[PDB]
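Enquirer: If you scroll down you'll find the structure; I have some questions about it.
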Amino acid sequence: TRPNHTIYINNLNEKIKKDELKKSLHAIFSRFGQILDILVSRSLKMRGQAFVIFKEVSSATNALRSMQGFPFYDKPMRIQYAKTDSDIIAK
RNA sequence: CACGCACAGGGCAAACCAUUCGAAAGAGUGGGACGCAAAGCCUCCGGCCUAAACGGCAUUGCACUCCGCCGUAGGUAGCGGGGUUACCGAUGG
Ligand SMILES: Nc1nc2c(ncn2[C@@H]2O[C@@H]3COP(=O)(O)O[C@H]4[C@@H](O)[C@H](n5cnc6c(=O)[nH]c(N)nc65)O[C@@H]4COP(=O)(O)O[C@H]3[C@H]2O)c(=O)[nH]1
């Protein structure tokens, strides 16, 4: 549970189109601070989950806690501290 | 109608290379020429190739490597059956 710049989210409505998620997560996580990116693959394993990269931890954290169990596309998303740091975060 | 190395006069073009289109398969154009008696034309049937989109299922996945099954949809007529039309006329029991 080491706080991170990026957040893991799952139980995502696998029915909503990639582009749509992208636009609609920014939609509610931008409220918590600038985002450098939101990554999402539609592949068998990476589906149902998105990765949101905030500018700084401070926002991820602020983010996380507030929207846990949050009904998104009639499907309540679990949230967590990304296990690793996205690539650009090195940079 | 069918048949075939009947030498008549022709057609086409595998791999490859260049380039355009497509998610892709693959397709078109250009050089190439493996090999075609229809390797002309047509996707109705079987096979195989691709999964972008569409519908169903499966999946709770910790990624920035790969991304599943069915339907379907496309492609292949140079994978095959089939249909259709065809040049030559050594050959038709
Ligand atoms: N006019 C005519 N003659 C026929 C036919 N069938 C056989 N022949 C004669 O037989 C020769 C060899 O035929 P092949 O074994 O089928 O071997 C053939 C064939 O496989 C190929 N070919 C030529 N033209 C065509 C064509 O229009 N379509 C296809 N699929 N293959 C062809 O080239 C080979 C040699 O061809 P050729 O030099 O012409 O020499 C030919 C030709 O003189 C026919 O339907 N029409």
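Ordering of the structure tokens sets the chain letters (A, B, ...), residue numbers begin anew at 1 in every chain, and ligands are numbered from 1 in the order given.
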Set the cut-off to 8 Å and count only C-alpha atoms (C1' of nucleotides): what are the residues of chain A that reach chain B? Output as a list in words.

Expert: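 Written out as asked, the residues are residues 8, 10, 11, 39, 43, 44, 45, 46, 47, 48, 49, 51, 82, 83, 84, 86 and 87 of chain A.
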
Enquirer: Taking only chain A into account, list the residues labelled strand (DSSP E) by DSSP (computed from the backbone), as JSON, numbers by chain.

Expert: {"A": [6, 7, 8, 9, 10, 35, 36, 37, 38, 39, 49, 50, 51, 52, 53, 54, 70, 71, 72, 75, 76, 77, 78, 79, 80, 81]}

Enquirer: Enumerate as a list in words the residues within 6 Å of ligand 1, counting only C-alpha atoms (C1' of nucleotides) and all ligand atoms.

Expert: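 Using only C-alpha atoms (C1' of nucleotides) and all ligand atoms, everything at most 6 Å from ligand 1 comes to residues 4, 5, 11, 36, 37, 38, 39, 87 and 88 of chain B.
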
Enquirer: The selected residues should be written to file as a PDB file, in the first residue's frame (atoms: N, CA, C and O atoms (P, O5', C5', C4', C3', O3' and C1' of nucleotides)).

Expert:
```
ATOM      1  P     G B   4      -8.073 -34.639 -70.342  1.00  0.00           P
ATOM      2  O5'   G B   4      -7.204 -34.485 -71.658  1.00  0.00           O
ATOM      3  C5'   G B   4      -6.391 -35.546 -72.123  1.00  0.00           C
ATOM      4  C4'   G B   4      -5.312 -34.995 -73.015  1.00  0.00           C
ATOM      5  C3'   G B   4      -4.457 -33.926 -72.359  1.00  0.00           C
ATOM      6  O3'   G B   4      -3.389 -34.529 -71.620  1.00  0.00           O
ATOM      7  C1'   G B   4      -5.355 -33.083 -74.377  1.00  0.00           C
ATOM      8  P     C B   5      -2.258 -35.400 -72.373  1.00  0.00           P
ATOM      9  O5'   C B   5      -1.338 -34.315 -73.078  1.00  0.00           O
ATOM     10  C5'   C B   5      -0.128 -34.686 -73.719  1.00  0.00           C
ATOM     11  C4'   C B   5       0.348 -33.556 -74.595  1.00  0.00           C
ATOM     12  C3'   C B   5       1.752 -33.723 -75.145  1.00  0.00           C
ATOM     13  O3'   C B   5       1.688 -34.364 -76.419  1.00  0.00           O
ATOM     14  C1'   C B   5       1.456 -31.548 -74.221  1.00  0.00           C
ATOM     15  P     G B  11      -0.058 -12.611 -75.517  1.00  0.00           P
ATOM     16  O5'   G B  11      -1.170 -13.321 -74.620  1.00  0.00           O
ATOM     17  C5'   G B  11      -2.498 -12.809 -74.587  1.00  0.00           C
ATOM     18  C4'   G B  11      -3.252 -13.370 -73.408  1.00  0.00           C
ATOM     19  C3'   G B  11      -2.591 -13.254 -72.049  1.00  0.00           C
ATOM     20  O3'   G B  11      -2.785 -11.959 -71.499  1.00  0.00           O
ATOM     21  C1'   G B  11      -3.351 -15.448 -72.318  1.00  0.00           C
ATOM     22  P     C B  36       2.035 -27.181 -63.919  1.00  0.00           P
ATOM     23  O5'   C B  36       1.543 -25.880 -64.688  1.00  0.00           O
ATOM     24  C5'   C B  36       0.270 -25.843 -65.303  1.00  0.00           C
ATOM     25  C4'   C B  36      -0.708 -25.128 -64.420  1.00  0.00           C
ATOM     26  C3'   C B  36      -2.108 -25.081 -64.988  1.00  0.00           C
ATOM     27  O3'   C B  36      -3.104 -26.063 -64.703  1.00  0.00           O
ATOM     28  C1'   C B  36      -1.159 -22.906 -65.092  1.00  0.00           C
ATOM     29  P     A B  37      -3.320 -27.301 -65.715  1.00  0.00           P
ATOM     30  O5'   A B  37      -3.517 -26.632 -67.141  1.00  0.00           O
ATOM     31  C5'   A B  37      -4.112 -27.382 -68.196  1.00  0.00           C
ATOM     32  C4'   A B  37      -5.553 -26.971 -68.388  1.00  0.00           C
ATOM     33  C3'   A B  37      -6.374 -27.984 -69.161  1.00  0.00           C
ATOM     34  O3'   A B  37      -7.351 -28.793 -68.506  1.00  0.00           O
ATOM     35  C1'   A B  37      -6.086 -26.045 -70.494  1.00  0.00           C
ATOM     36  P     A B  38      -8.721 -28.138 -67.978  1.00  0.00           P
ATOM     37  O5'   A B  38      -8.395 -26.587 -67.918  1.00  0.00           O
ATOM     38  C5'   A B  38      -9.398 -25.613 -68.163  1.00  0.00           C
ATOM     39  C4'   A B  38      -8.827 -24.231 -67.947  1.00  0.00           C
ATOM     40  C3'   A B  38      -8.873 -23.628 -66.546  1.00  0.00           C
ATOM     41  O3'   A B  38      -7.738 -24.095 -65.811  1.00  0.00           O
ATOM     42  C1'   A B  38      -9.286 -21.997 -68.251  1.00  0.00           C
ATOM     43  P     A B  39      -7.492 -23.609 -64.304  1.00  0.00           P
ATOM     44  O5'   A B  39      -6.613 -22.283 -64.453  1.00  0.00           O
ATOM     45  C5'   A B  39      -7.179 -20.971 -64.261  1.00  0.00           C
ATOM     46  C4'   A B  39      -6.152 -20.053 -63.644  1.00  0.00           C
ATOM     47  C3'   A B  39      -4.944 -19.724 -64.525  1.00  0.00           C
ATOM     48  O3'   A B  39      -4.924 -18.324 -64.837  1.00  0.00           O
ATOM     49  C1'   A B  39      -4.303 -20.488 -62.341  1.00  0.00           C
ATOM     50  P     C B  87     -14.377 -20.429 -78.366  1.00  0.00           P
ATOM     51  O5'   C B  87     -12.815 -20.405 -78.654  1.00  0.00           O
ATOM     52  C5'   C B  87     -12.173 -19.184 -78.992  1.00  0.00           C
ATOM     53  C4'   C B  87     -10.711 -19.421 -79.211  1.00  0.00           C
ATOM     54  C3'   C B  87     -10.394 -20.642 -80.046  1.00  0.00           C
ATOM     55  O3'   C B  87     -10.460 -20.336 -81.432  1.00  0.00           O
ATOM     56  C1'   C B  87      -9.054 -20.643 -78.107  1.00  0.00           C
ATOM     57  P     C B  88     -10.819 -21.498 -82.476  1.00  0.00           P
ATOM     58  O5'   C B  88      -9.638 -22.550 -82.275  1.00  0.00           O
ATOM     59  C5'   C B  88      -8.316 -22.216 -82.683  1.00  0.00           C
ATOM     60  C4'   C B  88      -7.369 -23.365 -82.459  1.00  0.00           C
ATOM     61  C3'   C B  88      -7.788 -24.724 -82.978  1.00  0.00           C
ATOM     62  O3'   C B  88      -7.599 -24.881 -84.365  1.00  0.00           O
ATOM     63  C1'   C B  88      -6.824 -24.968 -80.857  1.00  0.00           C
TER      64        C B  88
END
```

Enquirer: Assign secondary structure with DSSP using the backbone only, and return the residues of chain A in helix (DSSP H, G or I) as a PyMOL selection string.

Expert: chain A and resi 18-32+57-66

Enquirer: How far is it from atom CA of residue 65 of chain A to atom CA of residue 52 of chain A, in Å with one decimal?

Expert: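 Straight-line distance from atom CA of residue 65 of chain A to atom CA of residue 52 of chain A works out to 14.2 Å.
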
Enquirer: Can you list, as a PyMOL selection string, every protein, DNA or RNA residue that comes within 12 Å of residue 79 of chain B when you count only C-alpha atoms (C1' of nucleotides), leaving out same-chain residues fewer than 6 positions away?

Expert: chain B and resi 39+46-49

Enquirer: Rounded to one decimal, what separation in Å do you get between atom CA of residue 35 of chain A and atom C1' of residue 65 of chain B?

Expert: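 Straight-line distance from atom CA of residue 35 of chain A to atom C1' of residue 65 of chain B works out to 25.4 Å.
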
Enquirer: Which of these, B:7, B:41, B:69, B:53, has the shortest distance to residue 84 of chain B once you count only C-alpha atoms (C1' of nucleotides)?

Expert: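 Checking each candidate against residue 84 of chain B, we get B:41 as the closest.
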
Enquirer: Which residues come within 12 Å of residue 31 of chain A, counting only C-alpha atoms (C1' of nucleotides), excluding same-chain residues fewer than 2 positions away, as a PDB file with N, CA, C and O atoms, in the first residue's frame?

Expert:
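As written to disk, result-v6.pdb reads:
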```
ATOM      1  N   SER A  24     -13.900   9.515 -19.935  1.00  0.00           N
ATOM      2  CA  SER A  24     -14.738   9.536 -18.729  1.00  0.00           C
ATOM      3  C   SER A  24     -14.088   9.280 -17.364  1.00  0.00           C
ATOM      4  O   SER A  24     -14.745   9.321 -16.336  1.00  0.00           O
ATOM      5  N   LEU A  25     -12.802   8.996 -17.345  1.00  0.00           N
ATOM      6  CA  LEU A  25     -12.134   8.780 -16.083  1.00  0.00           C
ATOM      7  C   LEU A  25     -11.481  10.110 -15.866  1.00  0.00           C
ATOM      8  O   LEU A  25     -11.449  10.625 -14.764  1.00  0.00           O
ATOM      9  N   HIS A  26     -10.954  10.674 -16.942  1.00  0.00           N
ATOM     10  CA  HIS A  26     -10.340  11.987 -16.856  1.00  0.00           C
ATOM     11  C   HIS A  26     -11.482  12.767 -16.242  1.00  0.00           C
ATOM     12  O   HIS A  26     -11.317  13.475 -15.262  1.00  0.00           O
ATOM     13  N   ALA A  27     -12.661  12.567 -16.816  1.00  0.00           N
ATOM     14  CA  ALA A  27     -13.878  13.215 -16.369  1.00  0.00           C
ATOM     15  C   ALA A  27     -14.020  13.379 -14.857  1.00  0.00           C
ATOM     16  O   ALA A  27     -14.411  14.434 -14.396  1.00  0.00           O
ATOM     17  N   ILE A  28     -13.696  12.351 -14.083  1.00  0.00           N
ATOM     18  CA  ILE A  28     -13.858  12.428 -12.629  1.00  0.00           C
ATOM     19  C   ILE A  28     -12.576  12.405 -11.790  1.00  0.00           C
ATOM     20  O   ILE A  28     -12.610  12.690 -10.595  1.00  0.00           O
ATOM     21  N   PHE A  29     -11.453  12.055 -12.402  1.00  0.00           N
ATOM     22  CA  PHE A  29     -10.197  12.054 -11.673  1.00  0.00           C
ATOM     23  C   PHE A  29      -9.400  13.346 -11.902  1.00  0.00           C
ATOM     24  O   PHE A  29      -8.438  13.642 -11.186  1.00  0.00           O
ATOM     25  N   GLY A  33      -6.719  16.666  -9.725  1.00  0.00           N
ATOM     26  CA  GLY A  33      -5.424  17.166 -10.127  1.00  0.00           C
ATOM     27  C   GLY A  33      -5.091  16.740 -11.532  1.00  0.00           C
ATOM     28  O   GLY A  33      -5.661  15.790 -12.058  1.00  0.00           O
ATOM     29  N   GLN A  34      -4.155  17.444 -12.148  1.00  0.00           N
ATOM     30  CA  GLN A  34      -3.764  17.128 -13.513  1.00  0.00           C
ATOM     31  C   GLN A  34      -3.331  15.684 -13.633  1.00  0.00           C
ATOM     32  O   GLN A  34      -2.817  15.095 -12.683  1.00  0.00           O
ATOM     33  N   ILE A  35      -3.556  15.135 -14.819  1.00  0.00           N
ATOM     34  CA  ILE A  35      -3.198  13.767 -15.137  1.00  0.00           C
ATOM     35  C   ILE A  35      -2.321  13.797 -16.375  1.00  0.00           C
ATOM     36  O   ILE A  35      -2.573  14.564 -17.307  1.00  0.00           O
ATOM     37  N   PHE A  54      -1.572  10.475 -12.054  1.00  0.00           N
ATOM     38  CA  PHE A  54      -1.720  11.857 -11.614  1.00  0.00           C
ATOM     39  C   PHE A  54      -0.353  12.538 -11.657  1.00  0.00           C
ATOM     40  O   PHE A  54       0.683  11.868 -11.810  1.00  0.00           O
ATOM     41  N   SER A  59      -2.112  13.691  -5.219  1.00  0.00           N
ATOM     42  CA  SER A  59      -3.409  13.675  -5.908  1.00  0.00           C
ATOM     43  C   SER A  59      -3.982  12.272  -6.035  1.00  0.00           C
ATOM     44  O   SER A  59      -5.185  12.067  -5.915  1.00  0.00           O
ATOM     45  N   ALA A  60      -3.103  11.310  -6.288  1.00  0.00           N
ATOM     46  CA  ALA A  60      -3.505   9.917  -6.420  1.00  0.00           C
ATOM     47  C   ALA A  60      -4.193   9.579  -5.116  1.00  0.00           C
ATOM     48  O   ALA A  60      -5.346   9.159  -5.106  1.00  0.00           O
ATOM     49  N   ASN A  62      -5.305  11.562  -2.651  1.00  0.00           N
ATOM     50  CA  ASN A  62      -6.531  12.313  -2.492  1.00  0.00           C
ATOM     51  C   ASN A  62      -7.593  11.641  -3.358  1.00  0.00           C
ATOM     52  O   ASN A  62      -8.743  11.478  -2.960  1.00  0.00           O
ATOM     53  N   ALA A  63      -7.176  11.238  -4.549  1.00  0.00           N
ATOM     54  CA  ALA A  63      -8.061  10.570  -5.483  1.00  0.00           C
ATOM     55  C   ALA A  63      -8.593   9.330  -4.819  1.00  0.00           C
ATOM     56  O   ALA A  63      -9.678   9.334  -4.271  1.00  0.00           O
ATOM     57  N   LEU A  64      -7.803   8.270  -4.874  1.00  0.00           N
ATOM     58  CA  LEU A  64      -8.155   6.994  -4.288  1.00  0.00           C
ATOM     59  C   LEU A  64      -9.325   7.035  -3.316  1.00  0.00           C
ATOM     60  O   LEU A  64     -10.480   6.873  -3.723  1.00  0.00           O
ATOM     61  N   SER A  66     -11.524   8.872  -1.898  1.00  0.00           N
ATOM     62  CA  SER A  66     -12.815   9.468  -2.189  1.00  0.00           C
ATOM     63  C   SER A  66     -13.704   8.657  -3.141  1.00  0.00           C
ATOM     64  O   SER A  66     -14.919   8.574  -2.950  1.00  0.00           O
ATOM     65  N   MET A  67     -13.126   8.042  -4.163  1.00  0.00           N
ATOM     66  CA  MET A  67     -13.954   7.299  -5.108  1.00  0.00           C
ATOM     67  C   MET A  67     -13.881   5.761  -5.025  1.00  0.00           C
ATOM     68  O   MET A  67     -14.042   5.062  -6.032  1.00  0.00           O
TER      69      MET A  67
END
```

Enquirer: Just the number, please: distance in Å from atom CA of residue 55 of chain A to atom CA of residue 40 of chain A, one decimal.

Expert: 17.9 Å
